[PDB]
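As a starting point, one isolated chain is supplied in structure tokens, in the form deposited in one PDB entry.
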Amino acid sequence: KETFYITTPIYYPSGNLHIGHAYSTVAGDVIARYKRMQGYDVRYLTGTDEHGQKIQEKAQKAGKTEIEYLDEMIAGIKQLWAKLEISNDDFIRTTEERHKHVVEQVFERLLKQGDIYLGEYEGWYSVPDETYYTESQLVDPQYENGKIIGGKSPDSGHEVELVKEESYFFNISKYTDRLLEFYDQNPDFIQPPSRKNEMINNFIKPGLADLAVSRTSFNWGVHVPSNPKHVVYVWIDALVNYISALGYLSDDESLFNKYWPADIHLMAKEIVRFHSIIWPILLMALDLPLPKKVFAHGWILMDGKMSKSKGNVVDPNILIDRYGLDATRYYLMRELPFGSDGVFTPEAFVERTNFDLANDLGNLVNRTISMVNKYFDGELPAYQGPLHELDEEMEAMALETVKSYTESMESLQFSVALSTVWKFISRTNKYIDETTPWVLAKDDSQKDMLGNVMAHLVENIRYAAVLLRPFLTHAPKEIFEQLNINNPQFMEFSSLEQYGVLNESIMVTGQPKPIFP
């Protein structure tokens, strides 16, 4: 059993998670389920990032300890994943010891080695944006004696002021040629291609500046063992969740020894830099193998991209409660091409939900069961061969739909994988219009052919349902329940290699009802 390790990022609970966080986690579950159906030993991880100055500020505002603020927020997040039916194998929290021990030890090791050195951090903080800007990338600069003394933010235009404190730095520039050599040896490391260019051209080529990895202005966080005044900053703390959750540096490294390196790291494009540059360099200094792929998908837009800070938010609980689980998951995996951006509209949601699920697929199944109940009393005839003339091309189309499904899935374009599946569904509906089974019913002479048409409809659906198990968690099962396919074998990918596995007659449901919501 070949291992496949997949991770989502660890999300910051400064506020409630929205459809964008859902979108990443949902995509990871799709890969996880897909990969399990191909017979991999899968580990899929998600988690939270629980340290920093902001978690004090939100917890002390609500009137509670930092941890009992987090406990509430994590309980709400675990609930959202359970409701989305995320098949994550673990939840990692940076506030738990298996993580904290690893951050402590990695920091000291890089201190021992001389990768890290004590210095002073200098930057420009904007209160509105909650972002730190460098001297150079500042806009509308003010000079006093020829040095920038004050300025504006690039992204808002609010006044900033300098921040200066003691900080440990990670000298990463010496790993630059090792890192570029890594990109050349592993040409699919950064996905998609667009993001790899902007990594080389905008960060590495200018010169990778030393990285401020610790702070003194707050206390909530992992403290540096050799210097308690310093508390570890976001990069080293958060990034090592991918390995700490596997029991790295613990009593039991068995999960680390078998699952690391990561087959794929999911994220949105704002943090590709830390996964494709800093994370591989950190692992080099730890002398550990690098991840095999980092994937940055696009943004859900609204005004701007969806953020919890700015409130332009859609709660996935509202969408699931209203329109259903399978609709919500479908919308996220269908409307935005993996890697491109896209704008959310509740009108686009409802059209996807209705036109594809309810009207194309839901109606296909209902007509097919209805007709089988009508003409053969519920007793579906067995498969034999491509007796109708449309069947040669259509039986072949089934197989080619799986070939095209696979490569869209391997290459991570699930929107295209889903649209290819739906092309087959739409054609299955057309086959009813083309064959006209109601005309075949009148002649008792036409009985094999009328049976063949139903056998082809049912098999066409089988294929679609089978291929949709990674995406939709109720819909496939409900279709199998109503068709009354029973052995698990015909729900797996293997059973799609040769067309027409049902050569035994089966009694479909006498009471078909809507598949969705």
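Residue numbers run from 1 along the displayed sequence. The term rigid core refers to the most C-alpha atoms you can superpose between the two forms while keeping them within 1.5 Å.
Visitor: In a third or more of the other entries compared, is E144 missing its coordinates?
Guide: Yes; at least one third of the other entries leave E144 out.
Visitor: Please count the deposited residues lying between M397 and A398 that the model leaves without coordinates, and give the class: none, 1 to 3, 4 to 9, or 10 or more.
Guide: The entry has no unmodelled residues between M397 and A398.
Visitor: Of 158-166 and 204-212, which one has the bigger average CA B-factor?
Guide: If you average the C-alpha B-factors of 204-212 and of 158-166, the larger mean comes out for 158-166.
Visitor: Got a sec? Mean C-alpha B-factor, which is higher, 61-69 or 471-479?
Guide: Looking at the recorded C-alpha B-factors, 61-69 comes out higher on average.
Visitor: From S136, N317, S415, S87, which pick has the Cα B-factor that tops the rest in the entry?
Guide: Among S136, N317, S415, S87, the PDB entry lists the largest C-alpha B-factor for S136.
Visitor: If I read the C-alpha B-factors straight from the PDB entry, which of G114, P381, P291, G76 is highest?
Guide: Max CA B-factor in the entry, restricted to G114, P381, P291, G76: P381.
Visitor: Within this chain, which third does the Cα B-factor at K54 fall in: lowest, middle or highest?
Guide: Highest third, going by the recorded CA B-factors of the chain.
Visitor: Mind checking which third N186 falls in for C-alpha B-factor across the chain?
Guide: Highest third.
Visitor: How does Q446 rank on Cα B-factor within its chain, lowest, middle or highest third?
Guide: Highest third.
Visitor: If you rank every modelled residue in this chain by C-alpha B factor, which third holds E198: lowest, middle or highest?
Guide: Its C-alpha B-factor belongs to the highest third of this chain's values.
Visitor: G342: which third of its chain by C-alpha temperature factor?
Guide: For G342, the deposited C-alpha B-factor lands in the highest third.
The form deposited in another entry is left out here; the points below concern that form.
Visitor: Relative to the superposed core, which single residue of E347, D287, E389, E130 shows a CA shift of 2 Å or more between this form and the one not shown?
Guide: Everything else stays below 2 Å; the exception is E130.
Visitor: After superposition on the rigid core, does the Cα atom of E407 shift by at least 2 Å between this form and the one not shown?
Guide: No; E407 is a residue whose C-alpha shifts by less than 2 Å between this form and the one not shown when the cores are overlaid.
Visitor: Verify the C-alpha shift of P488 between this form and the one not shown: is it 2 Å or more after superposing the core?
Guide: Shift at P488: below 2 Å after core fit.
Visitor: Taking the rigid core as reference, does the Cα of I318 move 2 Å or more between this form and the one not shown?
Guide: Stays below the 2 Å threshold, so no.
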